[PDB]
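Form solved without the ligand, single chain, as structure tokens, below.
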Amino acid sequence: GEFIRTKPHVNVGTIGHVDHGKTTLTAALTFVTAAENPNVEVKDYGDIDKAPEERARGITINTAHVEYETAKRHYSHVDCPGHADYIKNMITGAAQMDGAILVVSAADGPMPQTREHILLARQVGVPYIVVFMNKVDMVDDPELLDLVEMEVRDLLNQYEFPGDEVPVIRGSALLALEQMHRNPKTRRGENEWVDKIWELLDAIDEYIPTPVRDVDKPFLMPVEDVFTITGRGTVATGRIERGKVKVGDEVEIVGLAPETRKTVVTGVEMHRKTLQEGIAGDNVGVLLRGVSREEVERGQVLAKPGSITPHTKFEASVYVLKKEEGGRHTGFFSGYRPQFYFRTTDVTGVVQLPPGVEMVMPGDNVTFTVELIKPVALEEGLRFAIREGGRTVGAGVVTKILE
């Protein structure tokens, strides 16, 4: 079918520690809203964690995109992995978010990736956060629930989110999900668990503002994934950052390659629905003519031809995490070669310290030069994260492009 715009569109998603309930909540959101809006397509647990490797490991590995809507807005929701081995996919998912739903297990409280996800969500531009305290069906001590809530707000404050003001809904994604299976038509007010899901939706509706979109700037879309649609071609997916794109437009594939590739857009879809035009904010699949899935990849960006120039060298202001925040135990030197994350791009870079600065310690606030091993679309003021050896080691901002 063709996508019909009738209400504002917002991109949300789920982040949080492994096993805290992100995928269960995601499925519940689709079932709950579907009872009220026939246009919503239901997605059960196994329809989201559907890949063979996910069934093999028993965890989410790939980001999943599901759609649902309330009376007020239309939502694209990205469900991310909580396992530490897949932090890379979580970052790519967060880069598509206008707001995030932080899931925390009431039974376990804040764990290492609860903190790491909050820190990373910020560095990729997530402005707002709503908390769903999950698994309360397992905690009878009210004091504990109040304690976890306090801990979570404290954590958010540590990373510059308004911890004291964020809505914190307490519920059970699983019990809400079970109820909807028993009665798919369950409406608001009928069941306790389902009502808590409605509470979350109301908070999303009202707390996360609809972003100001720039549909008049040159088209720019960070690529999050790429695949082949047999008999149709190569599709690049991602959230349009600014501008618009129409079937027939020419776009440039920028970054990660020595040279830039140009091709024509032959299709645009949002959630398998046809669009004549994709605009800033939409989460879409863009069909590209004449390129194979080995010619486009995650981390590159599609852009209006000639509007972007990929760079490799820049100066940056950086905060280096302390051991206590999951950071490094020891300092590093000039020549350190960690991974840098900008939006959906992940690239190796070489740290070059200025003379007189020969070492950087955890907890330090420094400025230094970074030289990337591959060209990528960059801009001054662009935030980024630094990871190395399975941990996030720093967060920074690009202050000046050098080349």
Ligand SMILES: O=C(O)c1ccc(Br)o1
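Note that residue numbering begins at 1 and tracks the sequence as displayed.
There is another form of the same protein, the form deposited with the ligand bound; it is not shown, and what comes next is about it.
> Could you tell me which one of 243, 255, 285, 281 places a heavy atom within 4.5 Å of the ligand in the deposited bound form?
Result of the distance check: 285.
> Would you kindly say which of 152, 223, 321, 268 lies with a heavy atom within 4.5 Å of the ligand in the deposited bound form?
So the residue touching the ligand in the deposited bound form, by this definition, is 268.
> Might residue 333 be said to contact the ligand in the deposited bound form, defining contact as any heavy atom within 4.5 Å?
Residue 333: no, not in contact with the ligand in the deposited bound form.
> Can any non-hydrogen atom of residue 217 be found within 4.5 angstroms of the ligand in the deposited bound form?
Outside the cut-off, so no.
> In the deposited bound form, does residue 207 have a heavy atom within 4.5 Å of the ligand?
Output for residue 207 is no: heavy atoms all beyond 4.5 Å of the ligand.
> Please tell me whether any heavy atom belonging to residue 262 falls inside 4.5 Å of a heavy atom of the ligand, as the geometry stands in the deposited bound form.
Output for residue 262 is no: heavy atoms all beyond 4.5 Å of the ligand.
> At 4.5 Å between heavy atoms, only one of the stretches 199 to 207, 322 to 330, 227 to 235, 300 to 308 reaches the ligand in the deposited bound form; which one is it?
The contacting stretch is 227 to 235.
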